[PDB]
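In structure tokens, the next block holds one chain alone, the form whose entry title says "closed state".
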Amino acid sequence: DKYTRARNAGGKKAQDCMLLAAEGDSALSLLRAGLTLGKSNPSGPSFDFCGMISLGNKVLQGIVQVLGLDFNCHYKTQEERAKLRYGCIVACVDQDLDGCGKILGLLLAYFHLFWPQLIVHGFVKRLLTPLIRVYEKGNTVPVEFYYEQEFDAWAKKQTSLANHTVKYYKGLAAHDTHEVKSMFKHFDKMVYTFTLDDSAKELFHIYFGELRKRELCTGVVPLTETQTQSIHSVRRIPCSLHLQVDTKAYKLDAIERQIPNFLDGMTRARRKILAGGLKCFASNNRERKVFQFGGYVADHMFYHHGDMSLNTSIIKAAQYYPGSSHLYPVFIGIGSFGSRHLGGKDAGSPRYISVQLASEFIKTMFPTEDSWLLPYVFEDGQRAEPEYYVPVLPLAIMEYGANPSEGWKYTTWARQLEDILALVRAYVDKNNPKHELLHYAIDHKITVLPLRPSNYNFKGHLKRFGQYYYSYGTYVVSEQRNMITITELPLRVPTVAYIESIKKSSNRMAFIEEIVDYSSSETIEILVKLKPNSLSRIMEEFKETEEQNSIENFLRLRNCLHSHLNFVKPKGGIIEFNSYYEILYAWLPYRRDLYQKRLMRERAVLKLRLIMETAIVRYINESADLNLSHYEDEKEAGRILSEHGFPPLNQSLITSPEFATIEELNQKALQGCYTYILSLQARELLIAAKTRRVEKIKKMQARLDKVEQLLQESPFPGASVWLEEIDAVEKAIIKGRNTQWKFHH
């Protein structure tokens, strides 16, 4: 049972021997390597007082068998604990959500449910391996932090990290051999005891029992430095904090994987996919195979999940057909990506079909200059997809989406594009008559403009009964041949799935004699021929109200547009909406603020670029008598340029204004060198390049004072820019819809 027995286990020294419980054969091998250091690690842990077991049901039965525990005792007394085969059980798991949060919480919940006194007496402990290690170059010993807060506080204390390399160890298998030896040299210091708490009694029931959904509404709060210091002083971890942090983070990650945000209506994996598509196709928009693009996404943006899910999600993002999940797909899919039949799972293998970026729609929808201002999530210290995207339009409500969750449901039907455009234009125009009235609605929680479900690719009927919308397909009946030609199915209903649902009910085949599917790749045309004189029996069997018809109910030609508007908050946690209009009003302020954020960032980078380009053109003009050829090396030329009034500038930061904010920009750009003059190509010396430089200089000057003007726009800065972007994105949407979302045609 993957158990290694210690020599002193079950003997008179049972109170001294420990039982390291690990998840996975890799963790078992690491524990074995650490324990078998032998004389190379004197006084360290070995199999004399340590046994190993694997957590990878019957596993807990084996654990209770080896430990000697019984279900008819509480182990409050000292003698009951002394009767155990081991002094303590130490969980040796990872530091990620799956390992540390899920496995450890499950084990702790099991122990608390069965023998809470063991946790009270600290019988169950954990192995707290270092999480972040900072290695200074020229040094062999690292600086170890067990939490992100300690690492970032230390980094704030530090002045620069150019001489330090930061390594994250989220799993037990990430430790190197010398690192494992270093950890096992001080093995006793890494053991942390678990103590029960008053709040933990209900926390265990919450996280492992309804009200858990209330608990997950708010985001995960990292432990403050005071709690970490208190834990490290005594090496005791209250299980309440572990449940509040690790288990909550694991559950929130699962929710984020299943439930999307409301700012962009799109999940973490999909955000990785879109960001990878933006990065890959920015330089050259060319067709790439689905598996190649998935490999690029996994390599560059830390998509560690299974490649099959990555390819499935890429195909889903590139799918465009009536009833598809995406009304405005971000990828143009060259090949066969499936159709409404089978619900889009009939796509080809990833190695045949190819994808490319919808350059026009993506550029008009997610501005390239706006990606720098978003908050980004960092995977093991490396930049990854943005925490959220803020499109020009509320993308969360203009596309369909269906997803089950752990007690939650995500169901969104796309709203009418015209209504959304009218609402946003009224909000931003300041000239539309309903602008002030829309603001009055926004700050008083009321609705002024309708928001109807979209029916772009739908050829049925959308009827509202009460507060619920229903989609109806279209059919024609020909009793002359005693058969029905279904021409339009209910919205978001797969063809073969509908046919098999019809064939499942034996009641309906009391009259049906044959069903065939002659539908095209886009339209639906299903020939269902019935038994003779079956029309009378269809009439008498099915009574329907004014909402349905006898044929409609007989063919199940009605679909109810249920809406479960549950999304995740931008800063963590989930929020449950009840209307699309409040989602729109919630999305608006982020876009409004990020517009002006981009505005001042553009102003600052424009000033810096203008200064550099003026210096460059001055150097080009004066290069005739400033021949660097007669001069010796780099430093002499830099000193001479300094003596000639040229300013030292960080051209790398300015010509490439990355995610660095305006304070970093104006504190680092002026602190540079003269590489911009020395990096000038010889082709820049001819007067044609100088004319190009000066005309572009006047262009950026015009852009600069126009940005100065726009920063004082009345409704909010950049309102006209928002209007122009709305017009561009609606033109791109119209162009895509005209050409079946196949551009370049």
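Note that the rigid core is defined as the largest set of C-alphas that superpose within 1.5 Å between two forms. Start at 1 with the first residue shown and count on from there.
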Item checked: Absent coordinates between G56 and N57 - deposited residues affected, binned into four classes -> 10 or more
Item checked: Deposited but uncoordinated residues in the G209/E210 interval -> 1 to 3
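Separately, the form whose entry title says "open state" exists; it is not shown, and the next lines address it.
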Checklist line | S354 C-alpha relocation of at least 2 Å between this form and the one not shown, rigid core basis | finding: no
Check: After the core is matched up, is the C-alpha of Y400 off by 2 Å or more between this form and the one not shown?
Finding: no
Note to self: If the C-alpha spacing of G573 and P404 moves by 3 Å or more in that other deposited form, is that a move closer or farther apart?
What the structure shows: farther
Notebook entry, point to check: Did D94 and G38 drift closer or farther in that other deposited form, going by a CA distance change of 3 angstroms or more?
Noted result: closer
